[PDB]
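*Asks:* Residue numbers (our numbering), protein chains in the order written: chain A, 1 to 173; chain B, 1001 to 1153; chain C, 2001 to 2099; chain D, 3001 to 3135. Even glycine gets a Cβ: it sits at the ideal position worked out from N, Cα and C. Pasting in a structure now, in structure tokens, and then I'll have a few things to ask.
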Amino acid sequence: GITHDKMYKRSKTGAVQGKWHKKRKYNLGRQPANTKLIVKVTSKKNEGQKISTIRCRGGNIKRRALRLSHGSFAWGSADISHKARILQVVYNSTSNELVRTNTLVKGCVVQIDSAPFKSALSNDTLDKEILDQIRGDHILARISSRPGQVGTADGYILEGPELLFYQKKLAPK
Amino acid sequence: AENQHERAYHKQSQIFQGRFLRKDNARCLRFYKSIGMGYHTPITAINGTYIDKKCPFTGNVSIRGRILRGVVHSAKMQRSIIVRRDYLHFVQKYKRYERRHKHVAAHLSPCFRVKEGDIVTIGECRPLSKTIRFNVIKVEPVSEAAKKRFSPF
Amino acid sequence: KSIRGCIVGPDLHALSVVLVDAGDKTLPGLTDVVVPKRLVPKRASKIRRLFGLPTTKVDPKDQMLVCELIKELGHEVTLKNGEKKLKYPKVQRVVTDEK
Amino acid sequence: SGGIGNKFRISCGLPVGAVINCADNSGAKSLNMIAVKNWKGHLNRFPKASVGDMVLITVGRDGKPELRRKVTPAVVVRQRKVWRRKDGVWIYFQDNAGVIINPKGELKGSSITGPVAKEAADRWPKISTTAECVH
RNA sequence: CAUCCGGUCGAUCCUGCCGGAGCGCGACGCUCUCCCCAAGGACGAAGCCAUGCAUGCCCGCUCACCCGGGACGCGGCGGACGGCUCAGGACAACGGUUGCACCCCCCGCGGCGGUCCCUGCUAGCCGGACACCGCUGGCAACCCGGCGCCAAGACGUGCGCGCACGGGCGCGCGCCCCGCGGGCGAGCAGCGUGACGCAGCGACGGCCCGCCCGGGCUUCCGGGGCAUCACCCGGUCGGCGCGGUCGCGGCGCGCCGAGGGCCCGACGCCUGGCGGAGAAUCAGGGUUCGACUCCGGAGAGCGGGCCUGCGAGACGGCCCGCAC
RNA sequence: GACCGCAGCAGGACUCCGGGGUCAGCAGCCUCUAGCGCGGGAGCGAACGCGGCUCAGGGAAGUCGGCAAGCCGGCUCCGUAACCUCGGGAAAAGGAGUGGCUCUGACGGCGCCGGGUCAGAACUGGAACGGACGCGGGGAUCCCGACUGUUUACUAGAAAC
């Protein structure tokens, strides 16, 4: 397998250790998942959001980021949550190339739709910055769940001077 | 929090950075996990913007094993120090000894900055990185220049 | 393994067909021969179907058996011709007191 | 004889002084042509070889030491210049190549690498059986 | 278990090495009336293998021109055990010491055994669908051609207690140190809240957690020679994110900062280099060898990849490159 | 533009001043200024020359010999041996890029102004970039002379001087 073994890496002093044996199945590595997010299904129907379960050591079952576009967010302040399909991947931060293919990454800042979260405007001015994001149908949030290992699209909502730090980049930079 | 040089914001993962927004009052702003073996933490390490996931006092790291000690020679690596322990080996053929030495790396946090020539304990921990497996806890700076003398402490 | 192409070539050794709708003129020695099917339905689900009782659903009667008098494999050394016991393919798929 | 059968003439592209590639697993990296068998030369005519013409070649310094400094019979499998078979199809092989064959036709090594032309196969059978593809 | 003596000369007294003398292991040679216990292709051939055998065992489901002896297959489990050889491999393998609050596991064993249902429902039992076979196919063999019925302790649909209960989430202790209990040495687990969601098994209801277990990393102290090898590494070395794995990790993949390690000999090179428990011979002090019992590591001509599974990169699994 | 070569002869004759554009350039290739259309013209596009251009496949096998053609080249950036009079070889050898656009950084003076040089990026061109022009083929040795220099104007430029 595409192993992940210490012997393959050089020693700290720069020694190149010859591997004692061949590569091992419990040290096996797998295909990095490139997640697919649909801006619109529109006329085409060939692609749908499908998830992959894979064989693992010990029989454990792993859900994967095969095709995930629908997304869930729980307002930290409210503790209530709403589920819809998120707009796309906006701030991978590791690479801007990943954003183009909408490859989802754990806790990568994304573009969030407000199809069921428009209800926030009914409460009086809760998170006015979120209120300005919710009516627009475009928000910022980090999908804080592991997509490749556990196939999860549930995520937190961005609130706090952390959202402002990201927003300063998200607005013109 | 308002600075815009770092490509990304860094926060304590255990506390939601969203938990506190306005009129902060009854919530705990910093997650601190008390370390094992009862080594005291200076209030300097409890207060600050230091996250340092590698640091045990704040961040998700816990010490699980022996607590060796050595002296700090290098602190250039980012947030990392190389401590040298000395082992005196008894050889039987000649009952005289050899002062073989080892340089081991750990993770320091800005909460306890180190001077040169200090006694720094390293805690057996989760394998942090390729060379990193230890973490600093107690620092005792020695006056002037401590040199070596091959002292194991 | 090498697999022969589906479209035919010039060989004479191997080929095989089926008649989707043989019409009239089924051959006396070939297609016409209508032969009974051996291994007659042996399950209660098949008993409520081809065997003969389709609308029964779960069967109150429970057991339907077309006796099989056939002997079993090798006999002539023993010469017990008189005991061709009339067993059935075992009846099954019923919730007996045991279930 | 060893080359057996009748070949319709196909356009001949490799003259003498040509280093055709060698695709055999015998390990001869490259073969330099010396002559083509059965060539009645006209005045000032370099002898030339088509696909499937037995040629005597000498292995170069790159090739294994044992086969060097000797004339070895070979059969050209691929010729770059397009050749017209009687079907009227015009076919051109990507790179000039040869396989070392016995006077009998037994190859020095079993494997033939890459494509083999159909004219080489009729004249020389062992190549035909071991050909990965007969294009 | 603390030792000699023949030899430089005309002699002597020496240093110094040569030689015997002791003892073990294998050759070899000369040879055997014994008897008993016994190593046995380790030795620059981990060279090639002709010829046989070396992981097989029970039919729940039998309807087979039988009998109470049951073929066969579907299935069930074992062939990841063993046996063998040490080729490769020099902070590795390896002995002991740590931890895994960075982690998987089949057998067995002690608990749990509520499982909403949107849909279809027969829920006191639903499907259609394959082998065996029956009939007729090829080839030089290998190899397995169709059709026709037909069952499962076979495979699949699905009933059932929204304190449903699959994970994984999102989110909720603290208040300068320390004690409390489901807690530890360590604030770790769990619960609650909110969103999903479809794991159970179930057509003869067994999922789950432990214990063991065998792994998988890992911490220290050890772990060949060579300086007619002195400066070396460039993911190299620290962070910062992320992917990936049973899993931590440069392990990978992005992003940065310039680090690492060295005369206590780094890096390099070589090894007719498997390490240890051990073995040899000796007062002590040593020296020498560790392939063979056992213990761990490797590897099945050679490199790669992959399946099946709870675990193998298995090789009397597979598939390719290369030889033969 | 009339001198001297029998002549109104693709020959030899000394300087003065020397615009723009690409470009390193008083280069090449175009151009303002300034001159000016030469021992004449039309057909016809045979052989054969003379001055170029290209060629499938292979390539020195041609030949006395790679003669001649051809290959290479500008720029930037790595990488650069043996030998050695340690100065060289060395442009050794061997690679990578180069276009047009959209832009961002370094330097003299804010109160407005200097100058285009270099880097660094995107985005795009049938998979193209020194796109014309100018513009090394390279390595292995051996033999003579050390070389910079001079030579038999009208057959020998060397190993000769």
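On the CB-based measure, 16 or more other CB atoms within 10 Å of its CB, does residue 20(A) come out buried or exposed?
*Replies:* exposed
*Asks:* Throw me the rounded Cβ distance for the residue 77(A) and residue 127(A) pair, which I believe falls under 8 Å.
*Replies:* 6 Å
*Asks:* Please report how far the alpha carbon of residue 1055(B) lies from the alpha carbon of residue 49(A), in whole angstroms.
*Replies:* 40 Å
*Asks:* Within 10 angstroms of the Cβ of residue 1087(B), are there 16 or more other Cβ atoms? Answer buried if so, exposed if not.
*Replies:* Classified as exposed, residue 1087(B) has fewer than 16 neighbouring CB atoms from the shown chains inside 10 Å of its CB.
*Asks:* The stretch 122–140 of chain A: which residues have C-beta closer than 7 Å to a C-beta of chain B, in chain order?
*Replies:* Listed in sequence order: no entries.
*Asks:* Tell me the DSSP secondary structure of residue 86(A) in three-state form.
*Replies:* DSSP, read as helix, strand or coil, puts residue 86(A) in coil.
*Asks:* The beta strand (DSSP E) with residue 3076(D) in it runs from where to where?
*Replies:* 3072–3078
*Asks:* For residue 2021(C), which of 2032(C), 2013(C) and 2011(C) has the nearest alpha-carbon?
*Replies:* Here the closest residue by C-alpha is 2032(C).
*Asks:* How big is the Cα-Cα spacing for residue 3097(D) and residue 2014(C)?
*Replies:* 39 Å
*Asks:* So residue 2064(C) and residue 2053(C) are supposed to be a Cβ contact under 8 Å. How far apart are they, rounded?
*Replies:* 7 Å
*Asks:* Is it true that the CB of residue 3077(D) sits closer than 7 Å to the CB of residue 3099(D)?
*Replies:* yes
*Asks:* May I have a chain-ordered list of the beta strand (DSSP E) segments no shorter than 3 residues that lie completely inside the stretch 3029–3094 of chain D?
*Replies:* 3030–3036, 3054–3059 and 3072–3078
*Asks:* Pull the bridge partners of residue 16(A) from the DSSP assignment, please.
*Replies:* Its beta-bridge partners do not exist; DSSP assigns none.
*Asks:* Does the contact criterion of 3 or more C-beta pairs under 8 Å hold for the stretch 2003–2013 of chain C versus the stretch 2025–2041 of chain C?
*Replies:* The stretch 2003–2013 of chain C makes no contact with the stretch 2025–2041 of chain C: fewer than 3 CB pairs, one atom from each, lie closer than 8 Å.
*Asks:* Give me the DSSP bridge partner(s) of residue 62(A).
*Replies:* Beta bridge pairing from DSSP links residue 62(A) with 54(A).
*Asks:* For residue 1099(B), write down the residues that DSSP places opposite it in a beta bridge.
*Replies:* 1088(B)
*Asks:* CB residue 3107(D) to CB residue 3024(D), shorter than 7 Å?
*Replies:* yes
*Asks:* In the DSSP assignment, what are the bridge partners of residue 3097(D)?
*Replies:* 3021(D) and 3078(D)
*Asks:* Along the stretch 154–165 of chain A, where does the CB come closer than 9 Å to a CB of chain B? Name the residues.
*Replies:* 156, 157, 158, 159, 160, 161, 162, 163, 164 and 165
*Asks:* In the DSSP assignment, find the unbroken beta strand (DSSP E) run with residue 111(A) in it and report its ends.
*Replies:* Residues 109–112.
*Asks:* How many angstroms separate the CA atom of residue 103(A) from the CA atom of residue 33(A)?
*Replies:* 8 Å
*Asks:* Compute the distance between the beta-carbons of residue 1016(B) and residue 1041(B), then report whether it is under 7 Å.
*Replies:* no
*Asks:* Buried or exposed: which applies to residue 1024(B), given that a residue is buried once 16 or more other Cβ atoms fall within 10 Å of its Cβ?
*Replies:* Flag for residue 1024(B) reads exposed.
*Asks:* Identify every residue that forms a DSSP beta bridge with residue 1068(B).
*Replies:* Residue pairing for residue 1068(B): DSSP places it in a beta bridge opposite 1122(B).
*Asks:* Apart from the five residues just before and just after residue 112(A), which ones in its own chain have a Cβ nearer than 8 Å to its Cβ?
*Replies:* 71, 73, 86, 87, 133, 138, 139, 140, 141 and 157
*Asks:* Less than 7 Å between the beta carbons of residue 3117(D) and residue 3051(D), yes or no?
*Replies:* yes
*Asks:* Relative to the alpha-carbon of residue 2070(C), which residue among 2047(C), 2088(C), 2061(C) and 2045(C) has its alpha-carbon at the smallest distance?
*Replies:* Closest by C-alpha distance to residue 2070(C), out of 2047(C), 2088(C), 2061(C) and 2045(C), is 2088(C).
*Asks:* Anyone know if the C-beta pair for residue 1099(B) and residue 1153(B) falls short of 7 Å?
*Replies:* no
*Asks:* Using only CA atoms, which one of 14(A), 135(A) and 167(A) lies nearest to residue 114(A)?
*Replies:* Nearest C-alpha to residue 114(A) among 14(A), 135(A) and 167(A): 135(A).
*Asks:* Would you please verify whether the beta carbon of residue 1021(B) is less than 7 Å from any beta carbon of chain A?
*Replies:* Interface residue (Cβ-Cβ distance to chain A less than 7 Å): residue 1021(B) is classified as such.
*Asks:* Apply the 10 Å Cβ neighbour rule to residue 124(A) and answer buried if 16 or more other Cβ atoms are within range, or exposed otherwise.
*Replies:* exposed
*Asks:* Excluding five sequence neighbours on each side, which residues of the same chain lie with their C-beta closer than 7 Å to the C-beta of residue 39(A)?
*Replies:* 88
*Asks:* Is residue 167(A) near residue 62(A), with beta carbons less than 7 Å apart?
*Replies:* no
*Asks:* Using the beta-carbon of each residue, which ones in chain A are nearer than 7 Å to residue 1007(B)?
*Replies:* 93
*Asks:* Listed in chain order, which residues of the stretch 1052–1081 of chain B have Cβ atoms closer than 9 Å to some Cβ of chain A?
*Replies:* none
*Asks:* Counting only Cβ pairs nearer than 8 Å, list the residues of chain B close to residue 77(A).
*Replies:* 1018 and 1021
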